[PDB]
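Data block below; observations after.
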2 protein chains.
Amino acid sequence: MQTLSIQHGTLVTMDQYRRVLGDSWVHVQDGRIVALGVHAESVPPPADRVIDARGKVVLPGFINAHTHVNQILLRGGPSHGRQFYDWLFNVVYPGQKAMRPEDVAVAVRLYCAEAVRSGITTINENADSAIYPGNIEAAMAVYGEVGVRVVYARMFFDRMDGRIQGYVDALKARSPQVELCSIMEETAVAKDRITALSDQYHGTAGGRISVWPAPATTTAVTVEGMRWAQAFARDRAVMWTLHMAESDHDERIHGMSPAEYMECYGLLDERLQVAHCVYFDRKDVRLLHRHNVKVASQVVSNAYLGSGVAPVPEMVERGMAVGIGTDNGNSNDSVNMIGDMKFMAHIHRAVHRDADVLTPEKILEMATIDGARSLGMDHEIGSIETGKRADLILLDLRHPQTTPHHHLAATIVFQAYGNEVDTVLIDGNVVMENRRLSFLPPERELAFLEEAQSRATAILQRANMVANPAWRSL
Amino acid sequence: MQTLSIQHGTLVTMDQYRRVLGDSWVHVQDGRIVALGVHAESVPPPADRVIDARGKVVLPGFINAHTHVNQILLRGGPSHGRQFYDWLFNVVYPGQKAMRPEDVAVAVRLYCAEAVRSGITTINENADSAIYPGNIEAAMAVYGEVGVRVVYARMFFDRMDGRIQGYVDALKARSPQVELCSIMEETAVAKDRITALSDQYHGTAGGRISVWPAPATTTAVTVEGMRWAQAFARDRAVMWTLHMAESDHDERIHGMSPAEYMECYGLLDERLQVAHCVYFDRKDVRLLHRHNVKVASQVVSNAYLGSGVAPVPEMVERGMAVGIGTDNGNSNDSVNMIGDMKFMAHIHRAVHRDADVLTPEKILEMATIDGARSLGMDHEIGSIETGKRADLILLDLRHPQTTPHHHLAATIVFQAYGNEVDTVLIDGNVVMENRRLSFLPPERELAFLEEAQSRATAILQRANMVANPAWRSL
Ligand SMILES: [Fe+3]
Ligand SMILES: [Fe+3]
């Protein structure tokens, strides 16, 4: 039994009573939070190592409820300015295709480096490139080494959407030299591939890695395919996830909303996590609420791609589990939970013309405990409580931007930039300490970033994509 | 300890599990439901009297969450076609003024007759005519005799709204021969009068009568007045109630919504029941939700007076306690919970373009258990559960309109007219049996109705109100 003691911190527990514990400590053992206490009232147990958190804030690790990792190598100029499908077919698919396994490994490490730096400890990777050979293995090796907690949601597409062909062909003419790609696969092939992947990797890296099935959308997946995924999630006590209504061209499947359609086939349940709820109406919300569907809101990305604004307050006010996702590494274009929290707070205040539509406490909940709920993992993660995993982060507010600070949630949401996280523990392991990354040490950092830059450039050459378009004011 | 056994009925319990118990019985003692059972599994206890409910449906008594009784003598021609304030100042105030105590007694008995006939067992009387001498006394005598459960919410006005004077003078010119009335009173006078009324009548008639304070509106009552009412409710373990935002001329007090205004002064709490939520926005709903404010929706009246349509589904979807009120006897113009339930179901389906916005089950809950909640009385009434008061109603569905019937809530909401109620018990006492009213026997009924007709006619003469306006198609 390895042990760790975090001492003299202010504990923002996000526990049942939302306790905030001044000058207090956390005892960790074998990856689990085993006890907590107040220093004035109790003495911490002896431990192999002590981390002094004096003058620091301790939080549960942030949870990235829905993201796409590999695409991070496509940010920096190629990705912006485009509506969802334009982005998807002229950038994302062709760019992903051009990526070799050694490229994917770098992307994953880069993504993880930025994520951990910003306090993110759990990542729901929606993987659209798992169809390409060697990619999975390359990625999983890095996830495991790095020590992050990962849900690997293996996306599949088993159905052509014939309605949208002419639209796509027209979009492709924008970059006619980038190649029109298809990642469709037969239903049975997808089942086999995902089942294999689950059998092999689910529970690996010390319980840190999970595998879920991810039918892509209601228009790109058959009923048979979604029913399988639903059944799979139930049989294996995990979740399934689906992208739902992310553009106005998806808004309507068979004369009804995607939620309506899913309801018709008995496809809304408590183990479903839907992502992207922009094109939702009152009824869609009601249906999701009725069946206890979990939600991931990609607020920044919904803006970036010009989709719009989801009805998060409406869902939250009904006690639904809504987490925050950064979305793609190239539809954001950061991996920074704090920046996105700020954005979640502000965009909804602005649109509702209501300064109190979401409290910063609530936003912080979305990033932590509620996010865990949306992953069906709230029993294991999301709060500083005895029994739960030691996924913990230490923030230093001793900086200009976060001075003064009194109310910690307000300070974090409205002031912090994302560089104030100091130490990060995942499953009891020290992944980052005084901003030094265990899986990317400072003496190796600059060289690694140069490798990532190069590979990115090369990827874009191979895909025939324009990296740096001409200066454009309008 | 007197006893009553209701047998061989189908029990629609509205209990914690929404149990519907076929061929089942209820045992009543000293006004309280002491046991329930299924006939096939168990034998009912011996009892002084048995009521055979064979082929009948047993429900908790309907709860009229917000109403105004006396005005019932002003229905039948004088009251319709007018916006809220036009109705208020040219019909309601002058008409009420013209009523003598002997008239009020008749009004109350007529109202109660109709109410009990339609299954209503609890009544939240918002009394705007309590200021006139002898009226309280007359009314209370009848409520007590009749055996209905009554909340007597004594309304007061201690503040002139100078902003709407010109509007009202213009409205008065519609019926210039009808006198402009004021029922304003000094803050201290109102406190004293209400406190006296409470001391005298609260808990009387075997616990069946309660007294609450009812500041009329946020524009017609001082902050000092509302705070007093709030404190009073707290100190005496009752509720306080307030009319909120019933017309577009109210929709703003001091540059903010009434709910916003109340929030500013700490005036929203869990003992508050607001009525009339038509001019409500998302933020108002949120505020009421935050503080667990109870609500009464007067759906039919909101239509009758041309106010509009309240966001009931939005409040209900947030688990708020929303009851159904019939409102004024002369802004409906019935006292029929079943008819109003039907209207609640349909108006919202039509406006939301959604056939399932409110299930008939949910509508039925609004009329019973949820209604009880909205009165702060859900521990005592609203469901067929052991420990609760024996406020119970028997419905006979053996009629053409309610045939066929399978799903009982659907049948009651979408088919029943309101004449299907047979036997009614309030606090264990039999108040109607086989449509015979204990407090208005059939051999006396016709003569009583002729007395009510006469007195009504006379009231209108005295108030100089037009009873029967000329035929008008446009
Ligand atoms: Fe996405
Ligand atoms: Fe009213």
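Please note that chains go A, B, ... in the order of the structure tokens, that every chain numbers its residues from 1, and that ligands are numbered from 1 in the order shown.
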
Test item: residues lying within 8 Å of ligand 2 with only C-alpha atoms and all ligand atoms, as a VMD selection string: chain B and resid 66 to 68 126 243 275 to 276 298 327 to 328

Taking only C-alpha atoms and all ligand atoms into account, report as an MDAnalysis selection string which residues have an atom no farther than 12 Å from an atom of ligand 1. chainID A and resid 64:69 71 84:85 87:88 92 124:128 153 155 214 216:217 241:247 274:278 296:302 304:305 307 324:332

Interface residues on chain B facing chain A, 10 Å, only C-alpha atoms, written as a VMD selection string: chain B and resid 282 to 283 286 289 to 290 313 to 319 352 to 354 356 to 357

Enumerate as an MDAnalysis selection string all residues of range 207-440 of chain A assigned to helix (DSSP H, G or I) by DSSP on the backbone, naming them with the chain letters and numbers the document uses. chainID A and resid 207 223:235 258:264 282:290 299:304 312:316 337:352 360:367 369:374 408:414

Pull the strand (DSSP E) assignments for range 80-177 of chain B out of DSSP run on the backbone, and list those residues as a VMD selection string. chain B and resid 120 to 127 149 to 156

Extract, using only C-alpha atoms, all DNA, RNA and protein residues at most 7 Å from range 105-121 of chain A, discarding same-chain residues fewer than 4 positions from it, and format them as a ChimeraX atom specification. /A:61-64,69-70,72-73,101,138-139,142,148-149,335-337,391,393,418-419,421,424,426,435,452

Nearest to residue 95 in chain A among A:146, A:347, A:431, A:180, with distances taken over only C-alpha atoms: which residue is it?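 Closest residue, counting only C-alpha atoms: A:180.
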
Selected residue, from A:474, A:136, A:254, A:143, that lies nearest to residue 196 in chain A when counting only C-alpha atoms: A:136

Would you list the contacts of range 205-211 of chain B as a count of residues only, taking every protein, DNA or RNA residue within 9 Å and counting only C-alpha atoms, but skipping same-chain residues closer than 4 positions in sequence? 22

Distance query range 225-236 of chain B at most 9 Å, only C-alpha atoms, self and fewer than 3 positions along chain excluded, as a PyMOL selection string: chain B and resi 156-158+187-188+190-191+195+212-215+218+221-222+239-242+265-269+271-272

Those selected residues, please, written with N, CA and C atoms and delivered as a PDB file, in the first residue's frame.
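Once written, out-v3.pdb looks like this:
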```
ATOM      1  N   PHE B 156     -55.717  41.855   1.893  1.00  0.00           N
ATOM      2  CA  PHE B 156     -55.619  43.279   2.256  1.00  0.00           C
ATOM      3  C   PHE B 156     -54.833  44.120   1.283  1.00  0.00           C
ATOM      4  N   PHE B 157     -55.181  45.399   1.252  1.00  0.00           N
ATOM      5  CA  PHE B 157     -54.557  46.383   0.366  1.00  0.00           C
ATOM      6  C   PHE B 157     -54.193  47.562   1.234  1.00  0.00           C
ATOM      7  N   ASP B 158     -52.926  47.906   1.330  1.00  0.00           N
ATOM      8  CA  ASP B 158     -52.522  49.066   2.156  1.00  0.00           C
ATOM      9  C   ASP B 158     -51.729  50.124   1.391  1.00  0.00           C
ATOM     10  N   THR B 187     -52.165  49.893   7.098  1.00  0.00           N
ATOM     11  CA  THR B 187     -51.361  48.707   7.450  1.00  0.00           C
ATOM     12  C   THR B 187     -51.704  48.109   8.826  1.00  0.00           C
ATOM     13  N   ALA B 188     -51.731  48.956   9.842  1.00  0.00           N
ATOM     14  CA  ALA B 188     -51.925  48.501  11.238  1.00  0.00           C
ATOM     15  C   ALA B 188     -53.339  47.959  11.460  1.00  0.00           C
ATOM     16  N   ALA B 190     -55.226  46.542   9.144  1.00  0.00           N
ATOM     17  CA  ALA B 190     -55.238  45.231   8.478  1.00  0.00           C
ATOM     18  C   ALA B 190     -54.622  44.145   9.333  1.00  0.00           C
ATOM     19  N   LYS B 191     -53.438  44.408   9.855  1.00  0.00           N
ATOM     20  CA  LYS B 191     -52.791  43.477  10.816  1.00  0.00           C
ATOM     21  C   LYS B 191     -53.713  43.065  11.969  1.00  0.00           C
ATOM     22  N   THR B 195     -55.322  39.407  12.432  1.00  0.00           N
ATOM     23  CA  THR B 195     -54.876  38.707  13.639  1.00  0.00           C
ATOM     24  C   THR B 195     -56.072  38.294  14.491  1.00  0.00           C
ATOM     25  N   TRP B 212     -55.252  32.489   6.660  1.00  0.00           N
ATOM     26  CA  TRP B 212     -53.970  32.987   6.209  1.00  0.00           C
ATOM     27  C   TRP B 212     -54.043  34.445   5.885  1.00  0.00           C
ATOM     28  N   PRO B 213     -52.914  35.125   5.928  1.00  0.00           N
ATOM     29  CA  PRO B 213     -52.884  36.490   5.451  1.00  0.00           C
ATOM     30  C   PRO B 213     -52.614  36.518   3.974  1.00  0.00           C
ATOM     31  N   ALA B 214     -53.215  37.464   3.298  1.00  0.00           N
ATOM     32  CA  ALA B 214     -53.135  37.531   1.850  1.00  0.00           C
ATOM     33  C   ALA B 214     -52.901  38.966   1.339  1.00  0.00           C
ATOM     34  N   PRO B 215     -51.665  39.447   1.407  1.00  0.00           N
ATOM     35  CA  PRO B 215     -51.420  40.716   0.761  1.00  0.00           C
ATOM     36  C   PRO B 215     -51.804  40.606  -0.703  1.00  0.00           C
ATOM     37  N   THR B 218     -48.134  42.911  -5.260  1.00  0.00           N
ATOM     38  CA  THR B 218     -46.870  43.635  -4.928  1.00  0.00           C
ATOM     39  C   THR B 218     -46.978  45.136  -5.158  1.00  0.00           C
ATOM     40  N   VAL B 221     -49.659  46.527  -1.981  1.00  0.00           N
ATOM     41  CA  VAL B 221     -49.243  46.318  -0.609  1.00  0.00           C
ATOM     42  C   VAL B 221     -47.812  46.782  -0.372  1.00  0.00           C
ATOM     43  N   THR B 222     -47.630  47.434   0.769  1.00  0.00           N
ATOM     44  CA  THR B 222     -46.328  47.936   1.176  1.00  0.00           C
ATOM     45  C   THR B 222     -45.381  46.788   1.435  1.00  0.00           C
ATOM     46  N   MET B 239     -49.513  29.424   5.788  1.00  0.00           N
ATOM     47  CA  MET B 239     -48.939  30.018   4.580  1.00  0.00           C
ATOM     48  C   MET B 239     -49.387  31.449   4.458  1.00  0.00           C
ATOM     49  N   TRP B 240     -48.743  32.157   3.564  1.00  0.00           N
ATOM     50  CA  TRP B 240     -49.248  33.440   3.083  1.00  0.00           C
ATOM     51  C   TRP B 240     -49.316  33.374   1.557  1.00  0.00           C
ATOM     52  N   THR B 241     -50.174  34.187   0.984  1.00  0.00           N
ATOM     53  CA  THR B 241     -50.431  34.136  -0.444  1.00  0.00           C
ATOM     54  C   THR B 241     -50.542  35.530  -1.021  1.00  0.00           C
ATOM     55  N   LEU B 242     -50.279  35.614  -2.312  1.00  0.00           N
ATOM     56  CA  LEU B 242     -50.198  36.907  -3.022  1.00  0.00           C
ATOM     57  C   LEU B 242     -50.503  36.738  -4.523  1.00  0.00           C
ATOM     58  N   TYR B 265     -36.383  42.139  -1.557  1.00  0.00           N
ATOM     59  CA  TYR B 265     -36.751  42.349  -0.159  1.00  0.00           C
ATOM     60  C   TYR B 265     -36.804  41.053   0.671  1.00  0.00           C
ATOM     61  N   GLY B 266     -36.227  39.971   0.157  1.00  0.00           N
ATOM     62  CA  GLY B 266     -36.253  38.680   0.865  1.00  0.00           C
ATOM     63  C   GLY B 266     -37.641  38.100   1.078  1.00  0.00           C
ATOM     64  N   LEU B 267     -38.554  38.434   0.177  1.00  0.00           N
ATOM     65  CA  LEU B 267     -40.008  38.096   0.295  1.00  0.00           C
ATOM     66  C   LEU B 267     -40.468  36.814  -0.421  1.00  0.00           C
ATOM     67  N   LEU B 268     -39.528  36.048  -0.952  1.00  0.00           N
ATOM     68  CA  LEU B 268     -39.859  34.800  -1.552  1.00  0.00           C
ATOM     69  C   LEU B 268     -39.396  33.725  -0.620  1.00  0.00           C
ATOM     70  N   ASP B 269     -40.331  32.945  -0.111  1.00  0.00           N
ATOM     71  CA  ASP B 269     -39.997  31.798   0.734  1.00  0.00           C
ATOM     72  C   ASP B 269     -40.919  30.587   0.529  1.00  0.00           C
ATOM     73  N   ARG B 271     -43.119  29.157   2.436  1.00  0.00           N
ATOM     74  CA  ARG B 271     -44.504  29.355   2.933  1.00  0.00           C
ATOM     75  C   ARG B 271     -45.368  30.295   2.069  1.00  0.00           C
ATOM     76  N   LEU B 272     -44.796  30.838   0.997  1.00  0.00           N
ATOM     77  CA  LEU B 272     -45.531  31.703   0.055  1.00  0.00           C
ATOM     78  C   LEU B 272     -46.224  30.862  -1.011  1.00  0.00           C
TER      79      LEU B 272
END
```

Taking 4 positions as the minimum chain separation for residues in the same chain, which residues sit within 8 Å of range 174-178 of chain A when counting only C-alpha atoms? Answer as a ChimeraX atom specification. /A:90,94,170,463-465

Residues from last step as file, N, CA and C atoms, as a CSV table (one decimal), in the first residue's frame:
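Saved result, part37.csv, follows:
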```csv
chain,number,residue,atom,x,y,z
A,90,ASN,N,-13.8,19.0,-45.1
A,90,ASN,CA,-12.6,19.6,-45.7
A,90,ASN,C,-11.4,19.7,-44.8
A,94,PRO,N,-10.2,14.3,-43.7
A,94,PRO,CA,-9.0,14.2,-44.5
A,94,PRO,C,-7.7,14.3,-43.7
A,170,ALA,N,-21.0,20.1,-52.7
A,170,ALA,CA,-20.8,21.6,-52.8
A,170,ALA,C,-19.8,22.1,-51.9
A,463,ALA,N,-2.3,15.7,-46.7
A,463,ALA,CA,-3.7,15.8,-46.9
A,463,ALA,C,-4.1,16.9,-47.9
A,464,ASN,N,-3.1,17.7,-48.4
A,464,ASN,CA,-3.3,18.8,-49.3
A,464,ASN,C,-4.1,19.9,-48.8
A,465,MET,N,-4.0,20.2,-47.5
A,465,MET,CA,-4.7,21.2,-46.9
A,465,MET,C,-3.9,22.4,-46.7
```

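Minimum distance to residue 462 in chain A across A:11, A:36, A:312, A:99 (counting only C-alpha atoms) occurs at A:99.
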
Straight-line distance linking CA of residue 35 in chain B with CA of residue 374 in chain B, stated in Å to one decimal: 25.6 Å

Test item: residues at most 10 Å from residue 23 in chain A, only C-alpha atoms, excluding those fewer than 5 positions along its chain, as an NGL selection string: :A and (7-11 or 37-40 or 53-57)

Restrict the selected residues to C-alpha atoms and save them as an mmCIF file, in the first residue's frame.
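Full text of out.cif as output:
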```cif
data_model
loop_
_atom_site.group_PDB
_atom_site.id
_atom_site.type_symbol
_atom_site.label_atom_id
_atom_site.label_comp_id
_atom_site.auth_asym_id
_atom_site.auth_seq_id
_atom_site.Cartn_x
_atom_site.Cartn_y
_atom_site.Cartn_z
ATOM 1 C CA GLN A 7 -1.784 18.905 3.765
ATOM 2 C CA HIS A 8 -2.765 22.439 4.797
ATOM 3 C CA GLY A 9 -4.886 23.062 1.762
ATOM 4 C CA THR A 10 -8.303 24.582 1.358
ATOM 5 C CA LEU A 11 -10.490 21.656 0.223
ATOM 6 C CA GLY A 37 -9.805 16.095 8.104
ATOM 7 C CA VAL A 38 -9.454 19.539 9.481
ATOM 8 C CA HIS A 39 -5.938 20.218 10.845
ATOM 9 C CA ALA A 40 -7.277 22.123 13.893
ATOM 10 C CA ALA A 53 -0.560 22.603 -0.139
ATOM 11 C CA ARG A 54 -0.095 25.553 2.139
ATOM 12 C CA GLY A 55 -1.820 28.613 0.633
ATOM 13 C CA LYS A 56 -3.433 26.454 -2.063
ATOM 14 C CA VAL A 57 -6.765 25.269 -3.185
#
```

Give me, please, the distance in Å between CA of residue 376 in chain A and CA of residue 203 in chain A, quoted to one decimal. 15.3 Å

Could you work out how far CA of residue 409 in chain A lies from CA of residue 6 in chain A, giving the answer in Å with one decimal?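 That distance, rounded to one decimal, is 20.7 Å.
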